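S.K.: Mind looking over this structure? Questions follow.
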Amino acid sequence: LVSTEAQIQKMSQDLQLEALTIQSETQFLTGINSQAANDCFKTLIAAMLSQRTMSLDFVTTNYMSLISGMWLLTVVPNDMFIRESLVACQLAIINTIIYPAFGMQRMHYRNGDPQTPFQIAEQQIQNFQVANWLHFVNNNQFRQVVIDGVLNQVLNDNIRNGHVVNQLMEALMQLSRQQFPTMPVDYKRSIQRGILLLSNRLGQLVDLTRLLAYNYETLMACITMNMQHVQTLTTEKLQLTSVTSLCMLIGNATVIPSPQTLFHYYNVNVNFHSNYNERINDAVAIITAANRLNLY
Amino acid sequence: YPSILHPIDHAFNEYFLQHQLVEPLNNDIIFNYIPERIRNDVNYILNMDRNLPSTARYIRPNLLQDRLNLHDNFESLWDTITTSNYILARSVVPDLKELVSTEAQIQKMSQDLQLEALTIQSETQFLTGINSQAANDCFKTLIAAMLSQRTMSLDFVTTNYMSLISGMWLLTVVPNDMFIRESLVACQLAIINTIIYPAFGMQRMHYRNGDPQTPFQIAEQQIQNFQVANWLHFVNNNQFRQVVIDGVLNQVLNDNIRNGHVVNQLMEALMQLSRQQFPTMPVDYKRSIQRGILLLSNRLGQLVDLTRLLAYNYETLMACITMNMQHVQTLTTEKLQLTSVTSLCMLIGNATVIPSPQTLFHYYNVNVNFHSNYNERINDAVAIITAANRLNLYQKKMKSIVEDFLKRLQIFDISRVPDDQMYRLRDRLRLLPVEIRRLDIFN
Amino acid sequence: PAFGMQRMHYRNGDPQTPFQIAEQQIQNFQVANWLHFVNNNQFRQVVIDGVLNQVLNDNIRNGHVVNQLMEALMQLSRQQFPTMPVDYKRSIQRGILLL
Amino acid sequence: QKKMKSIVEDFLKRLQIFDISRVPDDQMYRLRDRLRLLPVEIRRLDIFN
Amino acid sequence: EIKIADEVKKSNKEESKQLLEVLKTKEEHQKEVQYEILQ
C-alpha cells in the first residue's frame, strides 16, 4: 500500500482544517489506516458473494468521508444497501456538495417516497457531466443470469471494465470548478481541494475497480448453492470513514486468489450443499414413514 | 387451544383475546413516530440500521388533548404543571459557544463611551453585569419561558440608560402579552420619559397607574415622526398566532421576527433618535444617550443574526411537545434581569448553535411519557366515579379516589391541595365518557 | 460614518468585495475616483526577453497614486457627520492628519 | 515489467528543495504522465538511435 | 473590589489595567462628594 504516514501528512495540507470553523479538527483523519483498508476490501467482496445487506455509518459533518461515498455508490449496486441508509447517504451528498455547488435550493425530501434522492435530482439538475453520473448510479443493480446450473448475481460490463470511474472523474472535476455562490470563502476552498484529492487519483482508482470486480468474479465461480437475493434482518455495518482509507491508500500491486485457496472455498461449499440435501432426504423419509404407519 | 370454562368465565376471557392493545410494527411506522417538523427539516439527517420483520408489534400510547381544562379556574394546579415544564425546557435549550471574549469587549466598550476618571457621569453604569455567564442565561429563560408559557417579569434600575436601550429589543421581539403588566408598563414608561420624548422636545407624560392603555399605545398617537411611529406600532400589535399543527395547538411567532427584519425596522427608529437635537435638555444629556444608542447600532449585523437564532431554536423545540400549550397568566412569574439582556446583545458573534438530535429525542420522550400518564390516570378515575354511581353507593365519598389521582401524577403535592379543589375536580371527572375498554368490562 | 449613511449589510461569500459595492453608493466625486482605482489595480502580464514577468501600473511607478489618495483623505477629513458623537469625529480626524 | 516509480523518485531527490517523504505515490505517477509527452533532447535521441 | 467581570481584573494588559484605575478613582470621588454633604 501507499505509506500511511506520507498520505495523511499530505492530506492534512490540502484541506487546511485549522483555519476553518470546525469542531472536529483532529477527527477528520482518524480512520485512515493500513489495517482498515484491508477491512473494506474484505467487507465489500464477502457481503457481495453471499447476498448480505450492508448499512452505512458516517458523519455528515466530515465531508471527506462523503466524497469517498460517491465512489462506493457508483460501483457497489444500489440494492445491496438497506434503503434507509442509502437514502440517508444520497441525501447528505446532494444537500451539502452537489446542490450548494450549482446554487440550487436545499432538497426538501419526504421519507415516504418511492423515488430515491438521486432519482429526483437526476432531472432537476441542468448540467450534463453530473446528470450523467447520476443516471448510472440510479441504474446499476445485479443482472440475474444462470451460469452452468446455478443463478448468480453478476455486475454489468461497464464496472468490470473499470470505465465508470472515467465518468465519475468528469462529474467530479466540473464540480470542483463551480463557484459555491453562498458558501463562505474559507469553507468553499477546502471542499474544492477535498474533491481534487480524488479527481487526481484517476489512474489508481480505475485500477482498483478492475480488481474489486475481478476478485468477486473469480470467487463466484465456485458457488454451488443458489445466489438468491432478499433483504436480511441484520446488516453488516460498513463505515464510510474506512472507505476513504481504501480509495487513497491503494497501490499498483494486484492480488489474485491462490489456486489452493480457490479449491478450498469450492470444497467447503460442495460439502455444505450436499449435506443440506442429505438431511432433507432423511427428514422427509421419516416424516412420511411415520404417517404411512399411522403413528399418532 | 381447547378449554373448560363457565359461560360467565368465557365471556370475560374472550374479551381479553379480541381487544388487545397491540399494532403491527414496520420501518415506515418508526419514521412516522418522529414529528413532521423534524423529518422534513433539512438540517438533520436520519438513518437507521435494522429492518423489523412482519411479526413485530408495538403498543401505541394515547395522546389526546386535555379533557379537564386545568387552565380554566384551576389556577394553583396549573402553576405547578407549568413550572414543571419550564425546568424541563431549560435543561434542553442549548448553551452558546464561541462567544466574543469578555475582556476584548469591555476594552472596546470603554473606548466608545469615552469615560473620564474625574467627572462622575451616567456612562459608567453601562458596564455593569455583563459577562459570559449571564449572556448564556438570558438565552435560556427566553426560549424556556416561551415553550412553557410562564409569565416573565422585568427587573432593572432606571438610572441605567443601557438596560433601557437594550430593553427596546425585548419588546420588539418577545410579544407584549407575556410580560406581567405591572412590569411591562413600568419599563415602557422609562423608555418614553428618557429616550424618545426628550429626543423630540415635547413634555414628558404624566402617567397615572390603572390606565387602559400602555405608554407605547398612547405615545404613537401623540408623536408625529414617521420612522419612529412604525416601530412604536409594531410593538403594540405584536401577538402570538394560535395555529393547530399536527393535532397540537401551538403558538407560532410572527413572520418578520423569524426573518430578522424587525431589527431593520428598529435600527431605523433609533438611528433617527441619534440624529435629532435635544432642545430642552443640556448638552451632556444629548451625549450620554447618543453613546449608549451607538453600542447597539454597531451590532446591526449581529442582532439580525440573533433574532434569527431565538426564532429557530424556538421552532425546533416546539415540534417536540405533545400537550396543548395554552396562553394563561400564571400566579408566580419567573424573573428576568434586564442587565443580562444587555449582556447578550453585545457578546454573541459568528457561531450558530442548533439543538442536537440526541436531545430532541429525549425532550420528546419525556413529553410523551408525561402525557400518556396523565391521560391514563383520567380513565382509571372516571371509570370508578361513574361505576360508584351506577351501582348506587350513596354512603361513599369520592375524596379518596381523587386523592390517589393527584398522587399518582408524580409532579403534584397533596399537603397543599385543600378539600375544596378535590370535590370540585370530580365535578369535571363525572361528565367525561368512560373509555371503551373499561365500559364493556363493566357492562 | 464620514458621510452619515447607514453602514453596509455584508454577508460572507458574496461575489463582490465591499469596495466594488461602495463605489455605487457613494456619490462624492474625489472619493469615488479612489475606489475605482483600487478595484482596477491589477498586474499587467508582459513577456520581456522571453521571461513572462508582471509589471505594475504607470501610476504606481510614478507615485501619482498617492496624489489621488490624499485628495480623498483631505475631503473625508472635512465632512462633518451627524450620526456619530463629536469625539469619534475628532479621533478619526487626528489619525488622518498623521498621514 | 518495470515500474517507473524509482526514476521519478530519483528526479525529485536530485532537485534539492523537494523532500521524498511528503510526496505520495499518487503525485509521483501523475508526474510521469507529463514526462512521457515531452520530446527527448537531440543529444540523447541520437545516442539512443 | 470593583465587581467588574473576572477576566478584566486578573488580566495583564494595558487597555484593561487603566480601566480598573479609572473605576477606582471614580469611587474615591463619589465618596468625596457624599462625605462633604454629611459635614
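Starting from 1 in every chain, residues are counted up; chains themselves are A, B, ... following the order of the C-alpha cells, and ligands are numbered from 1 as listed.
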Could you list, as a PyMOL selection string, every residue within 12 Å of residue 69 in chain C, counting only C-alpha atoms and ignoring same-chain residues fewer than 5 positions away?
M.R.: chain C and resi 30-38+60+63-64+74-76+96+99
S.K.: I need the residues from that last selection saved to file as a PDB file, in the first residue's frame (with C-alpha atoms), if you can.
M.R.:
```pdb
ATOM      1  CA  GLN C  30     -12.990  62.720  -5.249  1.00  0.00           C
ATOM      2  CA  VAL C  31     -13.528  59.606  -3.090  1.00  0.00           C
ATOM      3  CA  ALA C  32     -15.316  57.573  -5.768  1.00  0.00           C
ATOM      4  CA  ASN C  33     -12.306  58.043  -8.037  1.00  0.00           C
ATOM      5  CA  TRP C  34     -10.063  56.354  -5.476  1.00  0.00           C
ATOM      6  CA  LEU C  35     -12.342  53.328  -5.027  1.00  0.00           C
ATOM      7  CA  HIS C  36     -12.414  52.909  -8.803  1.00  0.00           C
ATOM      8  CA  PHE C  37      -8.622  52.766  -8.909  1.00  0.00           C
ATOM      9  CA  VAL C  38      -8.373  50.180  -6.118  1.00  0.00           C
ATOM     10  CA  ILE C  60       2.249  53.203  -9.032  1.00  0.00           C
ATOM     11  CA  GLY C  63       3.859  57.922  -7.258  1.00  0.00           C
ATOM     12  CA  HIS C  64       0.807  59.704  -8.697  1.00  0.00           C
ATOM     13  CA  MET C  74      -8.423  65.563   2.675  1.00  0.00           C
ATOM     14  CA  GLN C  75     -12.084  65.796   1.690  1.00  0.00           C
ATOM     15  CA  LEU C  76     -13.098  62.984   4.039  1.00  0.00           C
ATOM     16  CA  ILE C  96      -5.885  61.131   9.229  1.00  0.00           C
ATOM     17  CA  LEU C  99      -0.841  60.549   7.176  1.00  0.00           C
TER      18      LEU C  99
END
```
S.K.: Near range 1-4 of chain E, within 8 Å and counting only C-alpha atoms, which residues show up once chain neighbours fewer than 2 positions away are dropped, as a VMD selection string?
M.R.: (chain B and resid 127 to 129) or (chain E and resid 6 8 to 9 20 23 to 24)
S.K.: Please produce, as JSON lines, a per-residue contact table for chain B versus chain A (criterion: any atom at most 7 Å away, only C-alpha atoms considered), showing the nearest atom pair and its distance in Å to one decimal, sorted by chain then residue number.
M.R.:
```
{"residue": "B:40", "atom": "CA", "partner": "A:110", "partner_atom": "CA", "distance": 6.2}
{"residue": "B:42", "atom": "CA", "partner": "A:108", "partner_atom": "CA", "distance": 6.6}
{"residue": "B:45", "atom": "CA", "partner": "A:88", "partner_atom": "CA", "distance": 6.4}
{"residue": "B:46", "atom": "CA", "partner": "A:88", "partner_atom": "CA", "distance": 6.2}
{"residue": "B:47", "atom": "CA", "partner": "A:85", "partner_atom": "CA", "distance": 5.6}
{"residue": "B:48", "atom": "CA", "partner": "A:84", "partner_atom": "CA", "distance": 6.0}
{"residue": "B:49", "atom": "CA", "partner": "A:55", "partner_atom": "CA", "distance": 6.1}
{"residue": "B:50", "atom": "CA", "partner": "A:234", "partner_atom": "CA", "distance": 5.7}
{"residue": "B:51", "atom": "CA", "partner": "A:233", "partner_atom": "CA", "distance": 5.5}
{"residue": "B:52", "atom": "CA", "partner": "A:233", "partner_atom": "CA", "distance": 6.6}
```
S.K.: When DSSP is applied to the backbone of this structure, which of range 118-274 of chain A are assigned helix (DSSP H, G or I)? Write them out as a ChimeraX atom specification.
M.R.: /A:118-120,129-138,157-160,165-173,185-191,196-199,206-222,241-247,259-262,264-274
S.K.: Kindly provide, as a PDB file with N, CA and C atoms, in the first residue's frame, the residues of chain B having any atom no farther than 7 Å from an atom of chain E, counting only C-alpha atoms.
M.R.:
```
ATOM      1  N   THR B 102     -14.925  38.372  26.811  1.00  0.00           N
ATOM      2  CA  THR B 102     -15.410  39.469  27.641  1.00  0.00           C
ATOM      3  C   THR B 102     -14.378  40.580  27.759  1.00  0.00           C
ATOM      4  N   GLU B 103     -13.097  40.223  27.835  1.00  0.00           N
ATOM      5  CA  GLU B 103     -12.060  41.233  28.009  1.00  0.00           C
ATOM      6  C   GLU B 103     -11.889  42.076  26.753  1.00  0.00           C
ATOM      7  N   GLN B 107     -13.011  46.341  26.729  1.00  0.00           N
ATOM      8  CA  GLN B 107     -11.985  47.257  26.238  1.00  0.00           C
ATOM      9  C   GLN B 107     -12.472  48.058  25.041  1.00  0.00           C
ATOM     10  N   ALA B 117     -11.901  59.871  34.211  1.00  0.00           N
ATOM     11  CA  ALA B 117     -11.582  59.443  35.563  1.00  0.00           C
ATOM     12  C   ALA B 117     -11.795  60.521  36.608  1.00  0.00           C
ATOM     13  N   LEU B 118     -12.441  61.607  36.267  1.00  0.00           N
ATOM     14  CA  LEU B 118     -12.594  62.652  37.268  1.00  0.00           C
ATOM     15  C   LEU B 118     -14.033  63.108  37.441  1.00  0.00           C
ATOM     16  N   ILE B 120     -18.027  62.440  37.484  1.00  0.00           N
ATOM     17  CA  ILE B 120     -18.929  61.317  37.699  1.00  0.00           C
ATOM     18  C   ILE B 120     -20.115  61.469  36.752  1.00  0.00           C
ATOM     19  N   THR B 128     -22.058  47.524  33.837  1.00  0.00           N
ATOM     20  CA  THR B 128     -22.370  46.624  34.934  1.00  0.00           C
ATOM     21  C   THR B 128     -22.974  45.326  34.423  1.00  0.00           C
ATOM     22  N   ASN B 131     -21.007  39.655  31.357  1.00  0.00           N
ATOM     23  CA  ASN B 131     -20.053  38.556  31.469  1.00  0.00           C
ATOM     24  C   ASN B 131     -20.576  37.408  30.618  1.00  0.00           C
TER      25      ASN B 131
END
```
S.K.: Taking only C-alpha atoms into account, name the residue in D:45, D:37, D:29, D:21 that is nearest to residue 9 in chain A.
M.R.: D:21
S.K.: Grab the CA of residue 85 in chain C to CA of residue 280 in chain B distance for me, in Å with one decimal place.
M.R.: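 Here the two named atoms are 18.6 Å from each other.
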S.K.: Chain C near chain B within 10 Å: what's each residue's closest atom pair and its distance in Å to one decimal, counting only C-alpha atoms, ordered by chain then ascending residue number, as JSON lines?
M.R.:
```
{"residue": "C:4", "atom": "CA", "partner": "B:275", "partner_atom": "CA", "distance": 9.8}
{"residue": "C:6", "atom": "CA", "partner": "B:271", "partner_atom": "CA", "distance": 8.7}
{"residue": "C:7", "atom": "CA", "partner": "B:298", "partner_atom": "CA", "distance": 8.5}
{"residue": "C:8", "atom": "CA", "partner": "B:301", "partner_atom": "CA", "distance": 8.9}
{"residue": "C:9", "atom": "CA", "partner": "B:301", "partner_atom": "CA", "distance": 6.7}
{"residue": "C:10", "atom": "CA", "partner": "B:301", "partner_atom": "CA", "distance": 7.9}
{"residue": "C:11", "atom": "CA", "partner": "B:301", "partner_atom": "CA", "distance": 8.7}
{"residue": "C:81", "atom": "CA", "partner": "B:275", "partner_atom": "CA", "distance": 9.8}
{"residue": "C:82", "atom": "CA", "partner": "B:275", "partner_atom": "CA", "distance": 6.1}
{"residue": "C:83", "atom": "CA", "partner": "B:275", "partner_atom": "CA", "distance": 5.5}
{"residue": "C:84", "atom": "CA", "partner": "B:294", "partner_atom": "CA", "distance": 7.9}
{"residue": "C:85", "atom": "CA", "partner": "B:287", "partner_atom": "CA", "distance": 7.0}
{"residue": "C:86", "atom": "CA", "partner": "B:287", "partner_atom": "CA", "distance": 8.7}
{"residue": "C:87", "atom": "CA", "partner": "B:114", "partner_atom": "CA", "distance": 8.3}
{"residue": "C:88", "atom": "CA", "partner": "B:112", "partner_atom": "CA", "distance": 7.9}
```
S.K.: Go ahead and save the residues from that selection, with N, CA, C and O atoms, as a PDB file, in the first residue's frame.
M.R.:
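As written to disk, out.pdb reads:
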```
ATOM      1  N   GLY C   4     -22.465  59.874   6.781  1.00  0.00           N
ATOM      2  CA  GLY C   4     -23.705  59.778   7.512  1.00  0.00           C
ATOM      3  C   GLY C   4     -24.666  58.717   7.033  1.00  0.00           C
ATOM      4  O   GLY C   4     -25.742  58.576   7.624  1.00  0.00           O
ATOM      5  N   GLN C   6     -26.106  54.800   6.199  1.00  0.00           N
ATOM      6  CA  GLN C   6     -26.200  53.602   7.021  1.00  0.00           C
ATOM      7  C   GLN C   6     -25.112  52.612   6.638  1.00  0.00           C
ATOM      8  O   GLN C   6     -24.814  52.427   5.456  1.00  0.00           O
ATOM      9  N   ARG C   7     -24.505  51.990   7.649  1.00  0.00           N
ATOM     10  CA  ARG C   7     -23.413  51.054   7.417  1.00  0.00           C
ATOM     11  C   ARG C   7     -23.916  49.811   6.698  1.00  0.00           C
ATOM     12  O   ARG C   7     -25.063  49.390   6.864  1.00  0.00           O
ATOM     13  N   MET C   8     -23.038  49.224   5.889  1.00  0.00           N
ATOM     14  CA  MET C   8     -23.465  48.255   4.894  1.00  0.00           C
ATOM     15  C   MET C   8     -23.786  46.902   5.515  1.00  0.00           C
ATOM     16  O   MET C   8     -23.260  46.526   6.565  1.00  0.00           O
ATOM     17  N   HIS C   9     -24.676  46.178   4.845  1.00  0.00           N
ATOM     18  CA  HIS C   9     -25.183  44.890   5.303  1.00  0.00           C
ATOM     19  C   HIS C   9     -24.466  43.824   4.486  1.00  0.00           C
ATOM     20  O   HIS C   9     -24.930  43.413   3.422  1.00  0.00           O
ATOM     21  N   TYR C  10     -23.316  43.380   4.980  1.00  0.00           N
ATOM     22  CA  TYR C  10     -22.450  42.481   4.236  1.00  0.00           C
ATOM     23  C   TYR C  10     -22.491  41.089   4.844  1.00  0.00           C
ATOM     24  O   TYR C  10     -22.297  40.929   6.052  1.00  0.00           O
ATOM     25  N   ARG C  11     -22.736  40.091   4.001  1.00  0.00           N
ATOM     26  CA  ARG C  11     -22.701  38.689   4.380  1.00  0.00           C
ATOM     27  C   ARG C  11     -21.575  38.005   3.623  1.00  0.00           C
ATOM     28  O   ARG C  11     -21.221  38.417   2.516  1.00  0.00           O
ATOM     29  N   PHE C  81     -20.340  64.873  10.234  1.00  0.00           N
ATOM     30  CA  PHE C  81     -21.320  63.810  10.154  1.00  0.00           C
ATOM     31  C   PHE C  81     -22.163  63.709  11.419  1.00  0.00           C
ATOM     32  O   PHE C  81     -21.611  63.727  12.533  1.00  0.00           O
ATOM     33  N   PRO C  82     -23.482  63.590  11.283  1.00  0.00           N
ATOM     34  CA  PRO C  82     -24.368  63.802  12.434  1.00  0.00           C
ATOM     35  C   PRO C  82     -24.676  62.569  13.268  1.00  0.00           C
ATOM     36  O   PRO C  82     -25.029  62.704  14.444  1.00  0.00           O
ATOM     37  N   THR C  83     -24.559  61.373  12.697  1.00  0.00           N
ATOM     38  CA  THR C  83     -24.984  60.175  13.411  1.00  0.00           C
ATOM     39  C   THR C  83     -23.994  59.727  14.477  1.00  0.00           C
ATOM     40  O   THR C  83     -24.354  58.902  15.323  1.00  0.00           O
ATOM     41  N   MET C  84     -22.774  60.248  14.467  1.00  0.00           N
ATOM     42  CA  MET C  84     -21.720  59.908  15.404  1.00  0.00           C
ATOM     43  C   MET C  84     -21.486  61.061  16.376  1.00  0.00           C
ATOM     44  O   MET C  84     -21.773  62.215  16.044  1.00  0.00           O
ATOM     45  N   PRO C  85     -20.989  60.794  17.585  1.00  0.00           N
ATOM     46  CA  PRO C  85     -20.699  61.887  18.520  1.00  0.00           C
ATOM     47  C   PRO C  85     -19.485  62.693  18.082  1.00  0.00           C
ATOM     48  O   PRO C  85     -18.795  62.373  17.113  1.00  0.00           O
ATOM     49  N   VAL C  86     -19.235  63.769  18.830  1.00  0.00           N
ATOM     50  CA  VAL C  86     -18.222  64.741  18.436  1.00  0.00           C
ATOM     51  C   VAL C  86     -16.818  64.177  18.624  1.00  0.00           C
ATOM     52  O   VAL C  86     -15.932  64.418  17.795  1.00  0.00           O
ATOM     53  N   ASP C  87     -16.596  63.374  19.664  1.00  0.00           N
ATOM     54  CA  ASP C  87     -15.248  62.880  19.907  1.00  0.00           C
ATOM     55  C   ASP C  87     -14.858  61.742  18.973  1.00  0.00           C
ATOM     56  O   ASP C  87     -13.668  61.567  18.699  1.00  0.00           O
ATOM     57  N   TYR C  88     -15.823  60.974  18.465  1.00  0.00           N
ATOM     58  CA  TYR C  88     -15.499  59.985  17.443  1.00  0.00           C
ATOM     59  C   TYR C  88     -15.139  60.660  16.128  1.00  0.00           C
ATOM     60  O   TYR C  88     -14.388  60.098  15.326  1.00  0.00           O
TER      61      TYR C  88
END
```
S.K.: Show me which bits of chain A are within 12 Å of chain D, counting only C-alpha atoms, as number ranges by chain.
M.R.: A: 1-13, 196-205, 247-253
S.K.: Select from chain C everything DSSP, run on the backbone, classes as strand (DSSP E), then give the selection as a list in words.
M.R.: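 Filtering chain C to strand (DSSP E) leaves residues 44, 45, 46, 47, 48, 51, 52, 53, 54 and 55 of chain C.
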S.K.: Just N, CA, C and O atoms for this one: save the residues we selected as a PDB file, in the first residue's frame.
M.R.:
```pdb
ATOM      1  N   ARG C  44      -0.042  43.656 -14.822  1.00  0.00           N
ATOM      2  CA  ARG C  44      -0.077  43.595 -16.277  1.00  0.00           C
ATOM      3  C   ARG C  44       0.997  42.622 -16.737  1.00  0.00           C
ATOM      4  O   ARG C  44       2.184  42.838 -16.476  1.00  0.00           O
ATOM      5  N   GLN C  45       0.584  41.556 -17.416  1.00  0.00           N
ATOM      6  CA  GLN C  45       1.477  40.454 -17.759  1.00  0.00           C
ATOM      7  C   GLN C  45       2.091  40.705 -19.129  1.00  0.00           C
ATOM      8  O   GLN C  45       1.409  40.590 -20.149  1.00  0.00           O
ATOM      9  N   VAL C  46       3.375  41.041 -19.157  1.00  0.00           N
ATOM     10  CA  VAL C  46       4.105  41.159 -20.410  1.00  0.00           C
ATOM     11  C   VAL C  46       5.217  40.123 -20.404  1.00  0.00           C
ATOM     12  O   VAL C  46       5.601  39.593 -19.359  1.00  0.00           O
ATOM     13  N   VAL C  47       5.726  39.816 -21.592  1.00  0.00           N
ATOM     14  CA  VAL C  47       6.913  38.985 -21.739  1.00  0.00           C
ATOM     15  C   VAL C  47       8.070  39.884 -22.156  1.00  0.00           C
ATOM     16  O   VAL C  47       7.911  40.772 -23.004  1.00  0.00           O
ATOM     17  N   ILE C  48       9.209  39.717 -21.490  1.00  0.00           N
ATOM     18  CA  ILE C  48      10.391  40.532 -21.741  1.00  0.00           C
ATOM     19  C   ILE C  48      11.592  39.600 -21.724  1.00  0.00           C
ATOM     20  O   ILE C  48      11.823  38.907 -20.727  1.00  0.00           O
ATOM     21  N   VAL C  51      10.957  36.006 -20.816  1.00  0.00           N
ATOM     22  CA  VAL C  51      10.506  35.717 -19.462  1.00  0.00           C
ATOM     23  C   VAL C  51       9.234  36.506 -19.197  1.00  0.00           C
ATOM     24  O   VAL C  51       9.240  37.740 -19.253  1.00  0.00           O
ATOM     25  N   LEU C  52       8.140  35.807 -18.913  1.00  0.00           N
ATOM     26  CA  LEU C  52       6.894  36.473 -18.554  1.00  0.00           C
ATOM     27  C   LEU C  52       7.016  36.958 -17.118  1.00  0.00           C
ATOM     28  O   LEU C  52       7.072  36.150 -16.187  1.00  0.00           O
ATOM     29  N   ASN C  53       7.107  38.270 -16.933  1.00  0.00           N
ATOM     30  CA  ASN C  53       7.103  38.855 -15.605  1.00  0.00           C
ATOM     31  C   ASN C  53       6.136  40.024 -15.572  1.00  0.00           C
ATOM     32  O   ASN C  53       5.892  40.678 -16.585  1.00  0.00           O
ATOM     33  N   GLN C  54       5.594  40.279 -14.390  1.00  0.00           N
ATOM     34  CA  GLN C  54       4.417  41.114 -14.225  1.00  0.00           C
ATOM     35  C   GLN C  54       4.799  42.509 -13.757  1.00  0.00           C
ATOM     36  O   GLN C  54       5.516  42.663 -12.764  1.00  0.00           O
ATOM     37  N   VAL C  55       4.301  43.512 -14.461  1.00  0.00           N
ATOM     38  CA  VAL C  55       4.654  44.904 -14.229  1.00  0.00           C
ATOM     39  C   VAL C  55       3.510  45.582 -13.494  1.00  0.00           C
ATOM     40  O   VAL C  55       2.338  45.245 -13.682  1.00  0.00           O
TER      41      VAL C  55
END
```
